[PDB]
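Below you'll find only one chain, the form deposited in one PDB entry, shown as structure tokens.
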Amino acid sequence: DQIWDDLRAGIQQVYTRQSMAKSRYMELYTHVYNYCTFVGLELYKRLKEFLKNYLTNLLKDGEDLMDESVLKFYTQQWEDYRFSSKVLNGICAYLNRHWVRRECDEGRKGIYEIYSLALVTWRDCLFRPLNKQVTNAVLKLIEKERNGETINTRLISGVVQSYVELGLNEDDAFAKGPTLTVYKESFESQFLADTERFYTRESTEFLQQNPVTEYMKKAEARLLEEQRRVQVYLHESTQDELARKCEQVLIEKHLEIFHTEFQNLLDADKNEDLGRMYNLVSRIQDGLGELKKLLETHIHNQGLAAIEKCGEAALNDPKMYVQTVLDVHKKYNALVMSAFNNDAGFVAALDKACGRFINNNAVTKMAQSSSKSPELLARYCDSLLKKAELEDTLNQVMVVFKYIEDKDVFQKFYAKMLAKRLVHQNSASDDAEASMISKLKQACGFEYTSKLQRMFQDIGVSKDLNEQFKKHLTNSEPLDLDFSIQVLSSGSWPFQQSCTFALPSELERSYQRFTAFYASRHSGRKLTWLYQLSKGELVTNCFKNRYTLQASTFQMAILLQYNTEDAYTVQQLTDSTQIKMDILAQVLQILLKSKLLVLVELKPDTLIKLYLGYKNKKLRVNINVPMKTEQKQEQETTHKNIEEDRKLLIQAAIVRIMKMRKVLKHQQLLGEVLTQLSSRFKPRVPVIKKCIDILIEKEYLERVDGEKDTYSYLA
């Protein structure tokens, strides 16, 4: 009785914010120990009653407060009570060390440590009748902050910490993490519901009055603010829930509007808005697919429209076609790299769209074939390489080459035009040729590059032979005219044998001399001369003034003949020159069109006479211009040769497959042929069927008896 009065007097001093001497602390500890020496239930009840009375008569102060007042009261009183309870637990270490431990193991039910007892008393006395007011005031303060006001965040943090700590099990007495039963059941659910309501109102109100572009900035700012709030004055366990709920309510409900605005932003180039949209929608799972599909469709439509605007002129102007394709690809590649953060899906969409509109477009529809694009690309390359920024445009052309399905057409056309550029010395630079060869090495295989290098080897051999022929002329009688020759392998060049021709007598000397020299140095070899690819220069001395004019061998033959007679008949010019009807007609038309040979339909009865008098403006005039129909005929021939080569390649692939696998089915054979030949062109099933049928007739493979639709190799 007398002891308890001292403990009460001392402990009531503990629960006031006034310092006490360490001697008084040890004095209270000693009196607690003396009271201990079961019989400790009376003291436990005494402390319980004192705590209940203290909370009961403290609650009367804060029953009628509102708004920030109750928050300040709760925070200050909670901090003071927390420290006082810690001190009291420090004082009563003996009791909770021995008596409480003994009670817990023997099977007591309502015995706790001093600190836990204080927490339970607080929860059951003061927290319970004030939690509604405290939570409502905290929510009102949060709403005030969300509307653009500066608040005291230390009021919310104290309430949150008090709610978190007042969640002890009080029965298990052992735990690892923190218990959030009171925190979730009193604050968090209401907080998330209020956040959802607030943002679902604000987003609708903003979208009803402002465009989407400003709403995106609003949403980004709101998300940053929510991260700030949750990391500043909330618990760490609500971060993921708040993030998901805010992202859903701010983005996932407006995906239709976002998809509608994506097309508008694509139509009128706005890269920043597209980047902001990509950043916003990237958070929603599986939300980027619709954007990818829309971008692919937009790129395809833009490419088709850009090609269509060029019109019919693009069918014979490679530069315009390739430049349009390059412009579209460059623009959308830059857009993908800048706004879409170089994502794999958008790159794939761009590649798919480019491959779609490069192979099939308006130009290919006019030509009724998909092989016009590689032809135009090859012609553009030839124009570039004919007579600084060349490297960049060659690299861009090579980027375009990746999307071409049928690359064999490009290879054939490039080989033919390189042969033309090598046989006649008109090349811009050898360095550009080497760079193009290296690029083709990187892209194409190795057989094509070796086939190309054979031509360079032949050119070098001819260059070596020319000077050594010149040396042989010095130790002999000389020649009246400057002579240059180019000897090429027959099987390594795409040139065909010339038509019938009668060599003019002014050129027989060089012919005989070089034929003798080549027969002497090389044995077993025969030379065939192409007079349709040979060119020279003529000098005239019967005009108003001295001109030198460069012309083909055919033009020399049909022009030097007029040295004897001023007038001639085309039916007799044929006998004089031994040129066929069509070639002579075209070359005569070319000569006539230059106004240097006066007399449109040409007939054997027509008469042609040399025109003197009128001359040319310049001293050097070129009359070696290409015929109009020759290019078209050459294109048709080289297009037919590609199909023939395709058939032969398919036959060879089937033969190899049958030699390796002795017995094979039909679908497996088709799949193997497609996967073997895919790097050059995509074959068609009827072509493979025709190749199989023609291979059967040649006694290479035969259909097995029974088990139909199955083949077998035959030796």
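Counting begins at 1, following the sequence as shown. For the two forms, the rigid core is made up of the largest set of C-alpha atoms that agree within 1.5 Å on superposition.
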- Message: What does the record say about the segment between residue 522 and residue 523: how many deposited residues are without coordinates (none, 1 to 3, 4 to 9, 10 or more)?
- Response: none
- Query: Deposited residues absent from the coordinates between residue 675 and residue 676, none, 1 to 3, 4 to 9, or 10 or more?
  - Reply: none
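Note that the form deposited in another entry isn't included here; everything after this is about it.
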- Core-superposed comparison between the shown form and the other one - Cα displaced by 2 angstroms or more, from 140, 283, 407, 82: 407
- Message: With both forms fitted on the core, check whether the Cα of residue 113 differs by 2 Å or more between the shown form and the other one.
- Response: no
- Task: Kindly check if the Cα atom of residue 431 is displaced 2 angstroms or more between the shown form and the other one relative to the superposed rigid core.
- Result: yes
- Using a superposition on the rigid core, decide whether the Cα position of residue 247 changes by 2 angstroms or more between the shown form and the other one. no
- Your call: residue 212 and residue 148 CA atoms, closer or farther in the other form versus the shown structure, by 3 Å or more? farther
- Relative to the shown structure, Cα residue 212 and Cα residue 145 in the other form (3 Å or more change) are closer
